[PDB]
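Comments concern the structure below.
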Amino acid sequence: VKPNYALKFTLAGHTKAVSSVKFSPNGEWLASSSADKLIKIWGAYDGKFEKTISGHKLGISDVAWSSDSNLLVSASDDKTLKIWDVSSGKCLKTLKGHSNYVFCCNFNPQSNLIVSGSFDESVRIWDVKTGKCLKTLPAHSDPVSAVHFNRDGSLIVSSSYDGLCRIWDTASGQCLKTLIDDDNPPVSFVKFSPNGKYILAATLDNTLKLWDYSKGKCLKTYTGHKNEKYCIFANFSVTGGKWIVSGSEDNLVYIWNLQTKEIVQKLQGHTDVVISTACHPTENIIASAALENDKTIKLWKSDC
Ligand SMILES: Cc1cccc(C(=O)Nc2cc(-c3cnc4ccccc4c3)ccc2N2CCN(C)CC2)c1
Ligand SMILES: [Cl-]
């Protein structure tokens with residue numbers, strides 16, 4: 001069983017490298033962030049450009065949606081995160097506290113907290129309503145590449161160039177688990193599975209790994225792509241077949257069968273490193289986004 005993702009739309013508009021694409025929880029919208037300091041909103045089903053959101057003083061590495069598809073948070077080189085009202089485009093809060101570039105961000109499912117990771121080697125947990133920093137976790141000893149809440153928001157997973165992936169108790173800020181590798185290549189990406197039982201982690205040695213969080217055991221490895229420089233975002237695809245989806249430094253989107261680990265599709269068309277991919281919440285739709293020699297987002301659709 002293989003997917004048949006085919007190109008549907010190419011979304012042009014960003015004037016510099018695109019860093020992150022995310023589908024709204026309600027499936028309605030795609031948000032993109034870019035080195036051009038802009039957030040753009042696009043229709044998920046027709047690819048139609050909606051609006052430009054601006055205010056960051058420097059490039060934006062990441063953007064994430066609240067549970068109600070009404071708010072966005074962005075992580076910038078200007079050392080801030082911003083919370084935005086999607087419908088008005090207005091900046092609601094500026095989250096200040098990191099001492100350097102902010103690279104990654106997420107709302108908890110309840111969408112009252114935001115977690116961020118920074119070049120400053122810390123993970124911060126912020127109050128959505130007030131914008132105040134609630135906790136600063138001495139998370140890592142190198143830049144933090146990814147931060148993600150599990151399904152009930154009770155855990156955070158973080159990854160860093162220090163070679164570790166850590167799991168944190170949200171309430172107390174205590175580290176519950178460290179995943180260590182003997183060679184410790186930089187961990188460039190991490191995310192929980194939809195059910196929260198597993199973690200998917202990328203390392204900068206051309207490798208994706210599925211870890212049993214509960215047991216601390218690697219269950220799967222996914223290879224064949226190129227990933228030795230960029231923090232490339234990867235995904236579980238669960239709407240049709242059960243896939244792993246990633247960008248790659250050879251300008252392709254890679255799709256693997258989660259259980260067998262076999263490459264099932266490679267998506268051709270981008271003209272630069274595919275740094276971001278997103279999987280639609282309800283439909284078999286992938287968004288992909290590439291760096292400065294491409295600057296476009298592509299939307300792909302499959303029957304399974
Ligand atoms: C504005 C913009 C546009 C296009 C790409 C990037 C970028 O690549 N992001 C970034 C950078 C780094 C990073 C930068 N310096 C570093 C210096 C020393 C050691 C480690 C470092 C890690 C880490 C993460 C990230 N991201 C990539 C996009 N992703 C959605 C979240 C995380 C940003
Ligand atoms: Cl995500």
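In the structure tokens, chains take letters A, B, ... by order of appearance, with residues numbered from 1 within each chain and ligands from 1 in the order shown.
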- Message: Around ligand 2, which protein and nucleic acid residues have at least one atom no more than 8 Å from it, if we count only C-alpha atoms and all ligand atoms? List them as a list in words.
- Response: residues 22, 64, 106, 148, 191, 235 and 278 of chain A
- Item | DSSP strand (DSSP E) selection over region 88-247 of chain A, as JSON, numbers by chain | {"A": [91, 92, 93, 94, 95, 102, 103, 104, 105, 106, 107, 113, 114, 115, 116, 117, 118, 123, 124, 125, 126, 127, 133, 134, 135, 136, 137, 144, 145, 146, 147, 148, 149, 155, 156, 157, 158, 159, 160, 165, 166, 167, 168, 169, 175, 176, 177, 178, 179, 187, 188, 189, 190, 191, 192, 198, 199, 200, 201, 202, 203, 207, 208, 209, 210, 211, 212, 217, 218, 219, 220, 221, 222, 234, 235, 236, 237, 243, 244, 245, 246]}
- Item | Residues near region 174-186 of chain A, cut-off 8 Å, only C-alpha atoms, skip fewer than 4 positions along chain, as a ChimeraX atom specification | /A:160-170,203-205,216
- Between A:159, A:239, A:268, A:67, single out the one closest to residue 253 (chain A), counting only C-alpha atoms. A:268
Within 6 Å of ligand 1 (only C-alpha atoms and all ligand atoms), residues as a PDB file with C-alpha atoms, in the first residue's frame:
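The file below, result38.pdb, is the result:
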ATOM      1  CA  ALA A  17      13.482  31.282   2.758  1.00  0.00           C
ATOM      2  CA  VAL A  18      10.289  29.706   4.192  1.00  0.00           C
ATOM      3  CA  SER A  19      10.904  28.149   7.656  1.00  0.00           C
ATOM      4  CA  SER A  20       7.598  26.584   8.798  1.00  0.00           C
ATOM      5  CA  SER A  34       9.731  33.076   6.656  1.00  0.00           C
ATOM      6  CA  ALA A  35      13.129  34.833   6.841  1.00  0.00           C
ATOM      7  CA  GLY A  59      13.343  36.419  10.521  1.00  0.00           C
ATOM      8  CA  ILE A  60      10.769  33.900  11.869  1.00  0.00           C
ATOM      9  CA  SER A  61      11.773  30.228  12.416  1.00  0.00           C
ATOM     10  CA  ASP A  62       8.403  28.834  13.531  1.00  0.00           C
ATOM     11  CA  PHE A 103      13.627  28.756  17.001  1.00  0.00           C
ATOM     12  CA  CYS A 104      10.535  26.780  17.959  1.00  0.00           C
ATOM     13  CA  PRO A 143      20.527  25.500  20.887  1.00  0.00           C
ATOM     14  CA  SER A 145      15.732  22.759  17.884  1.00  0.00           C
ATOM     15  CA  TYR A 230      19.116  21.948   8.562  1.00  0.00           C
ATOM     16  CA  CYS A 231      16.510  21.490  11.278  1.00  0.00           C
ATOM     17  CA  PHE A 233      10.483  19.188  10.425  1.00  0.00           C
ATOM     18  CA  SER A 276       9.216  22.091   6.643  1.00  0.00           C
TER      19      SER A 276
END
- Task: Write out as a PyMOL selection string each polymer residue whose atoms come within 12 Å of region 7-11 of chain A, counting only C-alpha atoms; drop sequence neighbours fewer than 4 positions from it.
- Result: chain A and resi 15+18+21+30-32+40-50+253+266-270+285-290+294-302
- Task: Using only C-alpha atoms, find the one residue out of A:199, A:258, A:144, A:39 that sits nearest to residue 16 (chain A).
- Result: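 Under the stated criterion, the closest residue is A:39.
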